[PDB]
$ cat upload-v2.pdb   # PDB, C-alpha atoms
ATOM      1  CA  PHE A   1       0.000   0.000   0.000  1.00  0.00           C
ATOM      2  CA  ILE A   2       2.732   2.438   1.031  1.00  0.00           C
ATOM      3  CA  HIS A   3       4.171   1.956  -2.456  1.00  0.00           C
ATOM      4  CA  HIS A   4       1.298   4.003  -3.897  1.00  0.00           C
ATOM      5  CA  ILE A   5       1.334   6.448  -0.984  1.00  0.00           C
ATOM      6  CA  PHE A   6       5.068   6.918  -1.502  1.00  0.00           C
ATOM      7  CA  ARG A   7       4.472   8.053  -5.076  1.00  0.00           C
ATOM      8  CA  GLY A   8       2.089  10.714  -3.768  1.00  0.00           C
ATOM      9  CA  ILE A   9       4.610  12.048  -1.247  1.00  0.00           C
ATOM     10  CA  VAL A  10       7.389  12.443  -3.814  1.00  0.00           C
ATOM     11  CA  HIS A  11       4.969  13.597  -6.509  1.00  0.00           C
ATOM     12  CA  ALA A  12       3.201  16.027  -4.180  1.00  0.00           C
ATOM     13  CA  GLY A  13       6.639  17.419  -3.350  1.00  0.00           C
ATOM     14  CA  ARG A  14       7.463  18.318  -6.946  1.00  0.00           C
ATOM     15  CA  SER A  15       4.089  20.046  -7.269  1.00  0.00           C
ATOM     16  CA  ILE A  16       4.837  22.264  -4.273  1.00  0.00           C
ATOM     17  CA  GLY A  17       8.253  23.170  -5.676  1.00  0.00           C
ATOM     18  CA  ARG A  18       6.684  23.847  -9.068  1.00  0.00           C
ATOM     19  CA  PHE A  19       4.487  26.577  -7.577  1.00  0.00           C
ATOM     20  CA  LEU A  20       7.550  28.183  -5.991  1.00  0.00           C
ATOM     21  CA  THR A  21       8.540  29.191  -9.520  1.00  0.00           C
ATOM     22  CA  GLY A  22       7.907  32.907 -10.000  1.00  0.00           C
TER
END
$ encode --input "upload-v2.pdb" --output "structure tokens"
Amino acid sequence: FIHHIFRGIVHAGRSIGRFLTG
């Protein structure tokens, strides 16, 4: 289960950093 949840943590991280732009 964590396998899927892990993807969300790492993926959700990139999204947050993406917003940082500008």
$ atom_distance --input "upload-v2.pdb" --atom1 "atom CA of residue A:16" --atom2 "atom CA of residue A:4"
18.6 Å
$ axis_aligned_box --input "upload-v2.pdb" --around "stretch 2-16 of chain A" --padding-each-side "6 Å" --output "JSON"
{"center_x": 4.4, "center_y": 12.1, "center_z": -3.1, "size_x": 18.2, "size_y": 32.3, "size_z": 20.3}
$ atom_distance --input "upload-v2.pdb" --atom1 "atom CA of residue A:20" --atom2 "atom CA of residue A:5"
23.2 Å
